[PDB]
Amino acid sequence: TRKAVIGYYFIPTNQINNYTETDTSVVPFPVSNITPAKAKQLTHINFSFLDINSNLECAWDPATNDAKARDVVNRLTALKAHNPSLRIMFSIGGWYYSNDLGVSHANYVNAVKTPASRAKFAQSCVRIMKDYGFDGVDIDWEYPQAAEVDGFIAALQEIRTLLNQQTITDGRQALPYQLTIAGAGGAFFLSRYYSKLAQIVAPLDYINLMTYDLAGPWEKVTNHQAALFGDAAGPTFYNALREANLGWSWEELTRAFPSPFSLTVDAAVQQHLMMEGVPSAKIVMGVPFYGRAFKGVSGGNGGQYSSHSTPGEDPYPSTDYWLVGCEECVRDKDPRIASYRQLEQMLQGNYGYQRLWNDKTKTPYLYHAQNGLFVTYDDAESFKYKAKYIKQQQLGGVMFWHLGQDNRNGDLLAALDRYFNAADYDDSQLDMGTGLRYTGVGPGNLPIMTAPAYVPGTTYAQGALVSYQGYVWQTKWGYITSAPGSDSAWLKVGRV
């Protein structure tokens, strides 16, 4: 089955209100950049972002010119003429509106609080969808805290119910309306709802992992923001999932959540697969179409794993635009981020950037020896390893943030489509390397194993293996006289 290629596409309200397809000075990446050929390379475009207003319903930012907005959305849905599998989804949330300290946080917390609020919200989601011509709903709340989870889940279940009814009502069996969420791609935020992953994922077509922003100026050591695998020389982190309210034993938690560990794209994926009821087909790996830059880094490793002097707060707490060659950073007043389009332009100019490659994390990085700068980003090469990983792990596809940051030629999007679908691309010999793999084991990814059936009345020594209730178990200490599941001396270690 074809892999999903989901491109979030972010158009700030100012660009909607002053939309133009002929002045990259006002709208740097307008819809017209998405040619028929590019429309065919995508399976989904997630228009970003809608929000949740104080009436606790899905709605466009209050400052939005509703007519320009409907027009921008129409240009997107018009792309469907070139790709019958294409869906224009809309995404609600995003960091700005929904983070704990964000402008609309309260609205998310309250919208899912009651059966009544949940019903009114779910209904506004479907109404907005049908009114603007969207093909599905993506929820990007970063992130419901542990207490708000059961409500978040109920809300997704209600939306699912309404969308399924609408699909039938609209004769959309061929292209059913969909419901997805953008999920954490790092253990710290994932720990908030991890214990209920199966319930969160059940009503979704996909869970889009934000497997990026895994490094940034808010961290003391420079690092790759989307390493596929770990580099023993890089920083390691506390495994937050061992603290999730999972109700597992010390032994179970320790083998599922090694700590510290390498914060990588593979870690996030494996962490989701470890849970029962989280099918690999619904997991979508996110990739960044932008890089993060750090200043004041020292040398010796190309800028990797170095202390730095980059402000970590938002907004950028200064007027010093130190990312040499980044004119976009001047336009957006933040030298800590740059689109792949801009990065390429910086490389093409002589600004002193050396493009380096880490063969463990399988990602590129830039090093500016003169001014001590380090930029972590992704490109068509790192996408080869991620695309192969998606195939090997049988994931649903790839997602990216965000379309408008690709170069004019659409090279990043083209690469992604090529790796999954081109008849003349062959990655059979691509070597995944020796970077660190996340090795945790959980209920959802137990190894197939065989062992003698447990025999009631038998005494087992430490380390013995038996099969019982369709699982393979191992005793944690000796002289075990009770059965697996009824005696905590037994550890589930395999399946079948």
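Numbers for residues come from their place in the sequence shown, where the first is 1. Basically, rigid core = biggest C-alpha set you can superpose within 1.5 Å across the two forms.
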Divergent stretch in 6 other deposited structures of this protein, 315-323 or 361-369 [C-alpha RMS, superposed by the core]: 315-323
Divergent stretch in 6 other deposited structures of this protein, 477-485 or 13-21 [C-alpha RMS, superposed by the core]: 477-485
Higher-B stretch (mean Cα B-factor, as the entry records it), 327-335 or 399-407: 327-335
Which of 308-316 and 354-362 has higher mean CA B factor, as the PDB entry lists it: 308-316
Maximum C-alpha temperature factor, selected from 345, 180, 167, 236: 345
Top residue by Cα temperature factor, when 116, 387, 125, 240 are compared in the entry: 116
Residue 431 - which third its CA temperature factor falls in, relative to the rest of the chain: middle
Within-chain third of residue 419 by Cα B-factor, per the entry: lowest
Chain-relative CA temperature factor third for residue 370: highest
Chain-relative CA temperature factor third for residue 381: lowest
Chain-wide C-alpha B factor ranking for residue 38, given as lowest, middle or highest third: middle
